[PDB]
């Protein structure tokens, strides 16, 4: 764990605007996307080799409010002008969502909750994990940007409700994803300063690592067939000028553009379903049927209460973990401008007083959709994505159980003081939005609630799965010098909150690559 301090921007010494980067550069490794996995991956590789990270967004300093906990909602409320750190999008299901567009990636705009992955998920992942390395990597990340949170009144109230509602056992303070209630770590420190993946760049070698911002990577360049090999990438700067970055012998291009960005770049580069690419006149480098397939987004269902007596804003630290759903509560100040993605659509009531958001995330999820291009040539145009929420009925069954548990929390002595009326059961609260069914035994009513009030938990993943597009070493099959390392690689969420796993993944693969190079020397 780290100790409270200012956000470390020492890496700014080797950060350049794409306009200032050479038109044609040569490096050992080129990483597309300076995000959650991308930054630690880049820093790790820079320990011995020349690395170039290309990020489409700005430096965090360009948007000060991404640096504090008090700015979380603010960033989501800001209008998307194409340059802001929060890029807005709407799934084909009709659910509002957002993704990061800034150095540090989505770790720069998230809710800060930090958890280590469920220790039982490594065996069925399709990857043979070096667990000693995994834990060493978690420690490396934690010692830099993870903190033990201060106590917060509302989070403590939530903890009492979870324990009263049977979410057992109590783990006290713990970073591990385990069934029960606990206070976990946060990437926000004790003064409210946000720490993120960009700071992991400081762990790299300042003489071997170079970061390019405002760099839009449009295509991966490949050698002639057979024996296809990625040779570099083409990126464009703010002046519309295209640049090229190539990789040297034994070097590699690694895509860490995220669940949305990675499949998009692969498709635009000619790596994807043959008939799909040909239908758009995109030359096929290699037919890869599953690029953009198996996109998963865990549904978020919730209940907003408006306490008669004001509660204070808090950062999420208390988690109530069940095997099929994960829960927590967020307390916030009122607002007239809605934070995009918080509520599923723009037609939702606004809170004019403080409120508490009780959220429930379905595990998995089992349901999935796909990603397709909206533009066959412009990487700056968001891809179309559909998640097919609740297409798998087991996900729905878990939502029902999860919302019934929320019903239990609302019926605890712990939450009684926050009701406006003495009403029994889950009744008596001033609710903002769709209320829970009164009858806690009416499954059909809960299914309707689940379907009509669903929102995104923003933990979407998949699209370039290990075993479908990648091999156990994260290499894109059929192509040399090309890997994918970010949230697009697995079908199920690693924990209630995935950033910990994705941060770890970046350095983990980085070390595996260095170990491979060491053996090849």
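Numbering follows the first chain given and starts at 1.
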{"query": "Mean C-alpha B-factor comparison - 336 to 344 and 269 to 277, higher one", "finding": "336 to 344"}
{"query": "Residue range whose averaged C-alpha B-factor is higher in the record, 376 to 384 or 291 to 299", "finding": "376 to 384"}
{"query": "Top residue by Cα temperature factor, when 352, 394, 202, 401 are compared in the entry", "finding": "352"}
{"query": "Peak C-alpha temperature factor (PDB record), options 178, 198, 189, 312", "finding": "312"}
{"query": "Third of the chain's Cα B-factor distribution that residue 505 belongs to, per the entry", "finding": "lowest"}
{"query": "Among modelled residues of the same chain, the CA temperature factor third for residue 65", "finding": "middle"}
{"query": "Record-listed C-alpha B factor of residue 441: chain third", "finding": "highest"}
{"query": "Residue 461 - Cα temperature factor, lowest/middle/highest third of chain", "finding": "lowest"}
{"query": "Cα B factor band for residue 452 (lowest, middle or highest third within the chain)", "finding": "highest"}
